[PDB]
Amino acid sequence: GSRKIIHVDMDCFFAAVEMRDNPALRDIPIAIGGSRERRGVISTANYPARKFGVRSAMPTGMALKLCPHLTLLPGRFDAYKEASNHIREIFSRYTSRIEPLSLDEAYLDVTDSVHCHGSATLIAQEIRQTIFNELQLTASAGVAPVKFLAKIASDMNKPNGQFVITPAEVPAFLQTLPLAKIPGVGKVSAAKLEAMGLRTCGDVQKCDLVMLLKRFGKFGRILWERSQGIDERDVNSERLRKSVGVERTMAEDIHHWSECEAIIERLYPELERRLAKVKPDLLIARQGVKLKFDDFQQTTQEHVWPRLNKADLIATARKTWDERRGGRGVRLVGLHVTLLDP
DNA sequence: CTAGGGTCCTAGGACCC
DNA sequence: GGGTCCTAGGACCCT
Ligand SMILES: [Mg+2]
Ligand SMILES: [Mg+2]
């Protein structure tokens, strides 16, 4: 009763696309991200930039101090979306059991596959080879009996490689696996887990489920399970978008409602155009706004509302501006919509 | 020196039974 | 007091 799960993951995705489309970028350090003047961050970087320590989510000013010749690119999201659609279609040639997790990656359940003599290892390799043909981009892959181990595995032999974890290999792999590598255990949780002496799955295996449940709730059950290789989550090909949002951080903080209003007027057409692609009649479940202050606290306020409406967003932003700004400056303004249920 | 696109979980009061 | 909706906030995911 053992499933075969593939996780496919594109290498340096946004950067790989820019280098394909402009070979002059192949061997110099490059990164997609907002300039330091726009208070931006790195979305991702190629391997020459990563050599300098440039990483995703690094403030761009830090990236540039580490790597002064970093070439900064704004991003071509239709180019990325197009490569995303193309790899998903490549995935469909092998199975319909496809759960995309972002533009550049997906789980595949190939348990019931007839391709490559039922070998999940060869399926993954054929998929990666096919993606290199056809798109001139490379991908890595992970093969395992459950989702999270497959997703961990695709990072281990990257770029342009794969890694297989058999059931026989699961207990050795788990024993020294850092908790922070489990998707969904982030910096905050890893630091709480570290501070009680829990660093690895082998550490958590020596723990009581009842204690984990008291101290972490449902998360403690996930921790307990994952540390044993337990991950019964099914590959689900039927997930749907639940929200759409548009926000911008300005180059300088704002302090006047007129400035905030001016920003919303430019945000709103963009929110409308994006909603309309998925919901032509603009019918929605909720809409709302987001401010982030110069002390980096953030507030959202949103409400039931039947259809995208600019004036109500302005009104709501006005209340938020007056009712919970407390005189600090504002670095981000955002608009947001919750989609209807079906 | 701290983005923008999102998902999921938690938690209190409202409301309904 | 138990479901469920409403709303806010936050950890976390991807590049
Ligand atoms: Mg990737
Ligand atoms: Mg990815």
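To find a chain, count down the sequence lines: A is the first, B the second, and so on, and within it residues start at 1.
Interface remark: the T44(A) side chain does not form any donor-acceptor pair with the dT15(C) base, using a distance-only criterion of under 3.5 Å.
Put simply, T249(A) has no side-chain N or O that comes within less than 4.0 Å of OP1 or OP2 on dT2(B). For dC1(B), the OP1/OP2 oxygens have no side-chain nitrogen or oxygen of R39(A) closer than 4.0 Å. Between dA11(C) and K192(A), no contact under 4.0 Å exists linking OP1 or OP2 to a side-chain N or O. The shortest distance between the side-chain N/O atoms of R274(A) and the OP1/OP2 oxygens of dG6(B) is below 4.0 Å. OP1 or OP2 of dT7(B) sits under 4.0 Å from a side-chain N or O of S243(A). Residue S43(A) places none of its side-chain N or O atoms closer than 4.0 Å to OP1 or OP2 of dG4(B). Side-chain nitrogen and oxygen atoms of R286(A) include none within less than 4.0 Å of the OP1 or OP2 phosphate oxygen of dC6(C). The side chain of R55(A) places no N or O atom within less than 4.0 Å of a non-bridging phosphate oxygen (OP1 or OP2) of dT15(C).
One atom, CD of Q298(A), and another, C1' of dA11(C), lie 12 Å apart when rounded to the nearest Å. Between the CZ atom of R76(A) and the P atom of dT15(C) there is a distance of 18 Å, rounded to whole Å. One atom, CG of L275(A), and another, P of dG6(B), lie 11 Å apart when rounded to the nearest Å. Rounded to a whole Å, the CG atom of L193(A) is 10 Å from the P atom of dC12(C). The separation between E82(A) atom CD and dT15(C) atom P is 19 Å, rounded to whole Å. As rounded to whole Å, 16 Å separates atom P of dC13(C) from atom CD of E99(A). When the P atom of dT2(B) is taken as reference, atom CZ of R36(A) falls 12 Å away, rounded to whole Å. Taking atom NE2 of residue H336(A) and atom P of nucleotide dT7(C), one finds them 13 Å apart after rounding to whole Å.
Heavy-atom neighbours of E252(A) CD from other residues, nucleotides or ligands within 6.0 Å: at or below the threshold of 12.
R97(A) has no carboxylate O lying under 4.0 Å from a charged side-chain N of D112(A), or vice versa, which leaves the two without a salt bridge. Taking a cutoff of 4.0 Å between a charged side-chain nitrogen and a carboxylate oxygen, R318(A) and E261(A) do not qualify as a salt bridge. Using a cutoff of 4.0 Å between basic side-chain nitrogens and carboxylate oxygens, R39(A) and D253(A) are scored as salt-bridged. The pair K147(A)-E99(A) meets the salt-bridge criterion, since a charged nitrogen lies less than 4.0 angstrom from a carboxylate oxygen.
Note on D11(A): nothing from the nucleic acid sits closer than 4.0 angstrom, heavy atoms only. Backbone-only contact: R324(A) has heavy atoms under 4.0 Å from sugar-phosphate atoms and none from a base. Counting any heavy atom pair closer than 4.0 Å across all strands shown, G34(A) reaches no nucleic acid atom. Among the heavy atoms of the strands lying under 4.0 Å from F296(A) is at least one base atom, whether or not backbone atoms are also near.
For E105(A) (side chain) and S102(A) (main-chain N/O), no donor-acceptor pair under 3.5 Å exists by modelled atom type.
With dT15(C), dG4(B), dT2(B) as the candidates, the nucleotide lying closest to the side chain of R248(A) is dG4(B). Residue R239(A) has its side chain nearest to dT7(B) when only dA3(B), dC6(C), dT7(B) are considered. Here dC9(B) is the nucleotide among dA3(B), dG9(C), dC9(B) with the atom lying nearest to any side-chain atom of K218(A).
Taking 5.0 Å as the contact limit, the side chain of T300(A) sits against the major-groove face of the base pairs.
Checking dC8(B) for Watson-Crick or G-U wobble geometry (two distances, each under 3.5 Å) identifies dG10(C) as its partner. With a cut-off of 3.5 Å on both pairing distances, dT2(B) has no Watson-Crick or G-U wobble partner at all.
Nucleotides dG1(C) and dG12(B) are separated by 15 Å at their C1' atoms, to the nearest Å.
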